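Have a look below at one chain only, the form deposited in one PDB entry, in structure tokens format.
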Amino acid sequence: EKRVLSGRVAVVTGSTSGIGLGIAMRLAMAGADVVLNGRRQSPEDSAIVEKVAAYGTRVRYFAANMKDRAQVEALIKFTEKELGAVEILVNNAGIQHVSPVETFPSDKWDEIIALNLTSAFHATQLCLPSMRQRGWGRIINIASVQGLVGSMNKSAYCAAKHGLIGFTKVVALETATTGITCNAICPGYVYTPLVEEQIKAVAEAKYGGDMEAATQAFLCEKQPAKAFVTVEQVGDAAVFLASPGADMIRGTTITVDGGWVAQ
């Protein structure tokens, strides 16, 4: 019980890649046991368990599609069996689809709402009773600057992320007199596959295949620091929210965005 989160059991959805893996790493570094998650029996990154287990805590991986409420429940029940009560829930799994509103596919709209907002509701609902019984909990929702402002061609995603922030506030208010907090982190751009795919698409469509020009234009359109936020930095924000100094941080956004929301 030396490190700040020693003994706490965390679940990070969509932690085979990107921000989720970064968060899982930082939580383990801080002493938490961690359950990793994605859709596949074999993640594309075969080393994720080894990477997170390097910090001396207990780690598991469980394949579950967060768009299926029964699989969300399976992920929580597996954690309870393997490691113990879920004490830190990080709702992170998420997808993007870029399109003008007029031609935004109906199925893509529904999919983004299902994963990026409703899945967080399902998991939070499943975890809250145990947290209430134990008198402690953290629900950390990975929103976006796109939950606070709009961007062109991201209608479904901005809607889901705004919704996720509204959901965050309600959960925090319903738990405000308890040792359970609920907060959201709002990253600006982070160089993960979700962003790389977008930059590749505009590089081909607009910049003659020049990935450096496309990266600079994509980043600097929105982010005054003219640099990406890192997955380690988002993880550090998750560790902060999970720590005792954040016992009275409730229903808020921690924006880690290079200045995007400031202007």
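Note that residue numbering begins at 1 and tracks the sequence as displayed. By rigid core we mean the largest C-alpha set that fits within 1.5 Å across both forms.
The protein also exists as the form deposited in another entry; that form is not presented, and the subsequent description refers to it.
Fit the rigid core and compare the CA positions between the shown form and the other one: of 129, 135, 193, 166, just 193 moves by 2 angstroms or more.
After superposing the rigid core, the Cα of residue 50 is displaced by less than 2 Å between the shown form and the other one.
Relative to the shown form, the CA atoms of residue 75 and residue 45 are brought 3 Å or more closer together in that other deposited form. One change in that other deposited form concerns residue 46 and residue 80, whose Cα atoms lie at least 3 Å closer than in this form.
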